[PDB]
């Protein structure tokens, strides 16, 4: 009733008091966005886009030199990583062409809402912008059955930069403005690379068209062109990390804020770039499951 609004006001007061403590939002906020888990969404991609078979894509990537037979350990390691993600056939398997957008549309959302209004549909647009691999023209990614799990992409241990647009729609098919809703940019690993290639792999979010809220104590810092990443290893204590990757980078760790930053939405069309260097495989989840401590849910009406 108002029991809630009182608890909301109390938690917000505590959040301002504990601003500077590890894991708290540096600026207190509440959460109006509920976009947490959608395991039974319907995924649709336009017939113009080729959704690859497992063997088909395997042969194609091998044809580019990313093969288990390649004498260059970088390329055979690139393959090994690629094979692991290509083995999950619940993903839609895509080859992105540079500057050619691809929409992945999720419908029949069951669990999601913004400020009491049901979210029925979310559309992701993926556009490869740059890659260090071969002639810079193509790269593989994998679109999840669940829009909150979202995507894996590759860089074949070079680098990749993919723009993502996100648009959410209500029951009436209208574009929703989720301004003020909070999104989780999580698991932004640095230093978790292949020791055979380069441990200093870097996962980042670039060109975010919202406003980041730094999490106090987090390894993830903001940089020019609204780009969030760590400045040194958050993977190994022996290279300065507070925790080894396995101690913080899970959905269940109380330390998982250590590799995270919060994004506050400011536009109906959300935009950011997923970017990696020397990572092989990158899991990029986009959801409202913020890792920060003491963020109350904003009550409705």
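Positions refer to the first chain, counted from 1.
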remark   = Quick note on 155-163 and 132-140: per-entry mean CA temperature factor is higher in 132-140
Which of 113-121 and 208-216 has higher mean CA B factor, as the PDB entry lists it = 113-121
inquiry  = Comparing recorded Cα B-factors across 37, 47, 256, 271, which one is largest?
reply    = 47
request  = Could you check 103, 203, 172, 99 and tell me which one carries the biggest Cα B-factor in the deposited entry?
outcome  = 172
remark   = residue 223: C-alpha B-factor third of its chain, per the entry, is the lowest
ask   = Split the chain's modelled residues into thirds by Cα B-factor; is residue 186 in the lowest, middle or highest one?
value = lowest
request  = Classify residue 249 as lowest, middle or highest third according to the C-alpha B-factor given in the PDB entry, relative to its own chain.
outcome  = middle
Third assignment of residue 197 from its chain's C-alpha B-factors = highest
ask   = How does residue 285 rank on Cα B-factor within its chain, lowest, middle or highest third?
value = lowest
